[PDB]
Structure formats: C-alpha cells, structure tokens
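Peer 1: Structure incoming, see below.
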Amino acid sequence: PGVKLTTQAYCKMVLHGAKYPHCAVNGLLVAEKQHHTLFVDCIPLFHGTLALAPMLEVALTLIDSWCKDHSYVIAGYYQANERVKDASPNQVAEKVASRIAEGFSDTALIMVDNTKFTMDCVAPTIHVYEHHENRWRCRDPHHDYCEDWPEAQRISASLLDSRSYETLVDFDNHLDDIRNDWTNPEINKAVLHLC
Amino acid sequence: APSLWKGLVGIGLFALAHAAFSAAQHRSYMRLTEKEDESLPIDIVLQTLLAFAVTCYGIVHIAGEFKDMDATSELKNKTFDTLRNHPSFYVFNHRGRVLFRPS
C-alpha cells in the first residue's frame with residue numbers, strides 16, 4: 001500500500017516543528033474514507049512534556065467531533081523526538097497508533113528527523129513506520145509520498161524564508177486563547193495563493 | 001500625565017518661595033517703622049495657602065503604586081508553558097540549531 005500526502009499537510013507539519021524547535025512536537029493527519037492512502041491535512045496536537053493522555057483525550061474527542069461534522073476520518077499520528085540523534089517511536093506513540101488502528105485499518109506512524117532538518121531540505125526527510133497490534137514494526141526504505149517535489153520545495157523555501165510562521169496555532173493555544181482557532185485558515189490561504 | 005504633575009508641583013513651590021520673599025520684604029519694612037504692630041496682608045497669606053494646597057495634591061499623585069494584596073492575581077495571566085522551561089538546566093541539542101547553521 002502506497003503512502004501519499006498533500007504538500008499542505010507536510011508544510012503544516014514542518015512549520016509546527018519549526019514553531020517549537022526545542023521541545024517535541026505532535027501532529028494528527030486526516031484522510032478521507034469513502035491501494036493508496038491519501039492524506040488531506042494535519043492538525044498539531046501538543047508540545048512540551050508530551051506524555052499526557054487525558055489532554056490527548058479531549059484533543060482526540062474534539063477531533064472526532066470535527067470529523068463527524070465535515071465527514072472526515074483520522075488516518076495516522078506523527079511525532080518528532082527532541083534529541084537530534086533519535087529516530088525511534090516511543091511507547092505513547094505506539095499506544096496512540098494502536099488506538100487509531102482499532103478503528104481505522106491503515107495508520108502510518110510518521111517520525112520527523114532532526115539530523116537532516118535545515119533551511120534547504122533535500123526532499124523526503126520523513127520516516128514512515130507501519131505498525132499493528134502484533135510485533136510487525138517495519139520502516140519503508142525510500143519512496144515518493146508527495147506530488148510535486150520542485151513546487152513543494154519552492155513553497156517550503158518561501159514559507160521558511162519569510163517570517164510568517166508565527167501565526168501557526170496549537171491545541172494548547174486554543175485552550176489558553178479561545179480567540180485562536182486550530183484549523184490554520186491563514187496557512188490554507190497562503191498555500192492556495194502560492195500555488 | 002506625571003510630567004504635568006511634576007511641573008505643577010514645581011510651579012507651586014516657586015509660588016511658595018515668592019510668597020516667602022514677599023513676607024520677608026514685609027518684615028524688613030516693619031523693622032524700619034516704630035510700633036505699628038500689624039500683621040502681613042491677607043492676599044499673600046491666601047496665595048501661600050493656595051501654593052500649599054496645590055503642591056500637596058501632586059505630591060500624592062507622583063508616588064502612587066497601590067499594588068494588589070492578593071498574589072494569585074500576579075501569577076494569573078502567566079501560563080505553564082513559560083514555567084516549564086528553566087534557566088538552570090538548558091540543553092543545546094535542537095533541530096533549529098542545525099536549521100540555522102548556514103545563514
């Protein structure tokens with residue numbers, strides 16, 4: 001089964017990682033349920049200690065409330081480690097992956113690297129792990145998960161060069177600031193305009 | 001606003017000093033003339049009282065802090081996000097460091 005994602009979700013993930021480069025970042029990819037797995041967009045869950053389930057409880061419940069409103073579905077969950085020399089999924093990540101795999105039959109775990117994380121990204125810099133309820137833990141060596149690599153590179157370079165990634169909001173900021181949404185409207189307008 | 005109060009206080013002090021000089025001149029004249037045990041005129045006395053009240057008003061407004069007794073309102077807008085990080089233990093191992101390495 002191939003894995004494919006829209007450059008919007010990848011840009012959102014990269015920018016969420018850039019917003020807090022010192023603590024671990026968390027995200028949730030969203031797909032459409034009506035063989036290749038197509039991703040629509042990602043929402044950033046939390047940042048910081050990143051070892052608390054009951055906050056994830058409210059986050060995931062509100063995420064479900066949103067998926068049953070616009071007829072969406074949750075595909076996978078992505079997490080990046082804090083240390084640069086760390087590319088191994090954690091126990092909480094595996095627990096969330098199993099929780100999502102109970103419902104959906106296809107959940108890929110996305111590890112964001114830190115070693116090859118610079119201004120001029122090469123291209124993929126993504127680790128895809130395929131986990132299940134059994135002891136099957138395999139990482140894909142290298143494939144293509146994005147549509148237009150040159151265009152995506154151009155938009156990523158433009159977004160990172162221009163300091164306009166402070167508008168990116170998190171679920172924690174939603175609790176702290178009810179004013180701020182969590183659907184990233186300005187980001188969507190920006191990616192649509194750039195294309 | 002504080003500058004206006006400071007200027008008003010200074011003007012009141014200057015008026016008080018001028019009234020003092022006028023009273024001193026009045027007493028110097030009084031020492032000249034024998035007897036004539038009279039008091040200083042009431043106009044200057046009213047002016048110096050006006051200077052007394054005017055400077056007494058800004059001296060209270062200059063130093064007004066009046067901070068709240070309750071300490072829960074001072075750690076009220078502060079979030080746990082800033083409290084989580086500490087100046088003491090600081091690890092310099094982040095992806096932004098290698099991202100910002102070349103510019």
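In the structure tokens, chains take the letters A, B, ... in the order shown, each chain's residues start at 1, and ligands count up from 1 in the order shown.
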For residue 14 in chain A, list every protein, DNA or RNA residue within 9 Å, evaluated using only C-alpha atoms, and leave out those in the same chain fewer than 4 positions away; present the list as a compact mmCIF listing (two decimals) with C-alpha atoms, in the first residue's frame.

Peer 2:
```txt
# COMPACT_ATOMS: atom_id res chain seq x y z
CA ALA A 9 -0.07 18.79 5.37
CA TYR A 10 3.70 18.47 5.01
CA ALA A 18 9.77 24.96 13.37
CA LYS A 19 7.50 26.82 15.81
CA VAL A 112 10.24 13.59 11.71
CA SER A 156 8.54 25.45 1.70
```

Peer 1: If we count only C-alpha atoms and set the cut-off at 12 Å, which residues sit around residue 35 in chain A, ignoring sequence neighbours fewer than 6 positions away in its own chain? Please answer as number ranges by chain.

Peer 2: A: 1-4, 106

Peer 1: Export N, CA, C and O atoms of the chosen residues as a CSV table (one decimal), in the first residue's frame?

Peer 2:
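Contents of the output file part37.csv:
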```csv
chain,number,residue,atom,x,y,z
A,1,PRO,N,0.8,-1.2,0.0
A,1,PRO,CA,0.0,0.0,0.0
A,1,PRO,C,0.8,1.3,0.0
A,1,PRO,O,1.6,1.5,0.9
A,2,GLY,N,0.7,2.1,-1.0
A,2,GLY,CA,1.4,3.3,-1.1
A,2,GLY,C,0.9,4.4,-0.2
A,2,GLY,O,-0.2,4.4,0.2
A,3,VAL,N,1.8,5.3,0.2
A,3,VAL,CA,1.5,6.4,1.1
A,3,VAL,C,1.7,7.7,0.3
A,3,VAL,O,2.7,7.9,-0.4
A,4,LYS,N,0.7,8.6,0.4
A,4,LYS,CA,0.7,9.9,-0.4
A,4,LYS,C,0.0,11.0,0.5
A,4,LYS,O,-1.0,10.7,1.1
A,106,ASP,N,-5.7,1.4,8.6
A,106,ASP,CA,-4.5,1.9,8.0
A,106,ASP,C,-4.0,3.2,8.8
A,106,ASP,O,-4.6,4.2,8.6
```

Peer 1: From the set A:100, A:126, A:119, A:5, which residue has the shortest atom-to-atom contact distance to residue 96 in chain B, counting only C-alpha atoms?

Peer 2: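 Closest candidate: A:119.
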
Peer 1: I need the chain A residues near chain B as a ChimeraX atom specification; criterion: at most 7 Å, counting only C-alpha atoms.

Peer 2: /A:21-22,82-84,114,117-119

Peer 1: Give the alpha helix (DSSP H) residues of chain B, as DSSP finds them on the backbone, and put them as a PyMOL selection string.

Peer 2: chain B and resi 2-32+42-62+80-84+95-99

Peer 1: Excluding residue 187 in chain A and any residue of its chain fewer than 3 positions from it, enumerate the residues within 10 Å of it, using only C-alpha atoms, and give them as a PyMOL selection string.

Peer 2: chain A and resi 8+11-12+15+159+164-165+167-168+183-184+190-193

Peer 1: Which residues, written as a PyMOL selection string, have at least one atom at most 6 Å from range 25-32 of chain A, with only C-alpha atoms counted and residues fewer than 3 positions away on the same chain left out?

Peer 2: chain A and resi 17+39-47+72-80

Peer 1: Quick one: residues within 9 Å of range 1-10 of chain B, only C-alpha atoms, excluding same-chain residues fewer than 4 positions away - as a PyMOL selection string?

Peer 2: chain B and resi 14-15+51+54-59+61-62

Peer 1: Would you output that residue set with N, CA and C atoms, as an mmCIF file, in the first residue's frame?

Peer 2:
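Output contents, as saved in selection37.cif:
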```
data_model
loop_
_atom_site.group_PDB
_atom_site.id
_atom_site.type_symbol
_atom_site.label_atom_id
_atom_site.label_comp_id
_atom_site.auth_asym_id
_atom_site.auth_seq_id
_atom_site.Cartn_x
_atom_site.Cartn_y
_atom_site.Cartn_z
ATOM 1 N N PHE B 14 7.634 77.277 43.508
ATOM 2 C CA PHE B 14 8.136 78.598 43.142
ATOM 3 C C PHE B 14 7.228 79.699 43.684
ATOM 4 N N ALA B 15 5.911 79.492 43.605
ATOM 5 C CA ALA B 15 4.973 80.466 44.158
ATOM 6 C C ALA B 15 5.132 80.587 45.669
ATOM 7 N N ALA B 51 -0.659 77.883 47.212
ATOM 8 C CA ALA B 51 0.548 77.136 46.880
ATOM 9 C C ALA B 51 0.745 75.915 47.768
ATOM 10 N N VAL B 54 -1.879 73.319 46.422
ATOM 11 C CA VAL B 54 -1.584 72.825 45.081
ATOM 12 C C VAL B 54 -0.437 71.825 45.071
ATOM 13 N N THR B 55 0.683 72.140 45.724
ATOM 14 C CA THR B 55 1.796 71.205 45.823
ATOM 15 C C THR B 55 1.448 69.966 46.637
ATOM 16 N N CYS B 56 0.550 70.091 47.612
ATOM 17 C CA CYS B 56 0.083 68.963 48.403
ATOM 18 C C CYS B 56 -0.746 67.972 47.598
ATOM 19 N N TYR B 57 -1.261 68.375 46.437
ATOM 20 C CA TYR B 57 -2.085 67.495 45.617
ATOM 21 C C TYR B 57 -1.249 66.607 44.703
ATOM 22 N N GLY B 58 -0.250 67.177 44.025
ATOM 23 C CA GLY B 58 0.598 66.385 43.152
ATOM 24 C C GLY B 58 1.591 65.501 43.872
ATOM 25 N N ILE B 59 1.953 65.850 45.109
ATOM 26 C CA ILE B 59 2.897 65.032 45.863
ATOM 27 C C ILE B 59 2.283 63.676 46.192
ATOM 28 N N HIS B 61 0.033 62.249 44.013
ATOM 29 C CA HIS B 61 -0.186 61.571 42.741
ATOM 30 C C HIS B 61 1.120 61.087 42.121
ATOM 31 N N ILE B 62 2.249 61.701 42.489
ATOM 32 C CA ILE B 62 3.527 61.301 41.902
ATOM 33 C C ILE B 62 3.870 59.865 42.280
#
```

Peer 1: Select from range 34-151 of chain A everything DSSP, run on the backbone, classes as strand (DSSP E), then give the selection as number ranges by chain.

Peer 2: A: 36-48, 73-80, 108-112, 126-131, 137-139

Peer 1: Now that the selection is made, can you save its residues with C-alpha atoms as a compact mmCIF listing (two decimals), in the first residue's frame?

Peer 2:
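After the write, part.txt holds the following:
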```txt
# COMPACT_ATOMS: atom_id res chain seq x y z
CA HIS A 36 -3.02 4.01 -1.81
CA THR A 37 -3.51 6.11 1.33
CA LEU A 38 -4.16 9.80 0.60
CA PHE A 39 -3.72 12.40 3.34
CA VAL A 40 -5.66 15.67 3.37
CA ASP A 41 -4.24 17.81 6.18
CA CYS A 42 -2.69 17.70 9.65
CA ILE A 43 -3.56 19.38 12.95
CA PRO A 44 -0.91 19.96 15.65
CA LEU A 45 -1.89 18.33 18.94
CA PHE A 46 0.52 19.43 21.70
CA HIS A 47 4.10 20.37 22.56
CA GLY A 48 6.36 20.22 25.60
CA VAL A 73 -11.67 10.31 9.25
CA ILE A 74 -8.43 10.05 11.23
CA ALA A 75 -5.64 8.23 9.40
CA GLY A 76 -2.39 8.45 11.37
CA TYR A 77 -0.45 10.27 14.07
CA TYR A 78 3.04 11.77 13.76
CA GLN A 79 5.61 12.58 16.43
CA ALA A 80 9.13 14.02 16.40
CA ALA A 108 1.14 5.01 9.49
CA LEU A 109 3.46 6.47 12.14
CA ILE A 110 5.44 9.46 10.91
CA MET A 111 8.77 10.20 12.60
CA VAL A 112 10.24 13.59 11.71
CA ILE A 126 10.36 11.65 6.68
CA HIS A 127 10.39 8.24 8.38
CA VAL A 128 7.29 6.12 7.76
CA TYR A 129 6.73 3.23 10.19
CA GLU A 130 3.98 0.65 9.65
CA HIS A 131 2.78 -0.75 12.99
CA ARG A 137 7.44 -2.86 13.03
CA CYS A 138 8.85 -2.07 9.58
CA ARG A 139 10.10 1.25 8.20
```
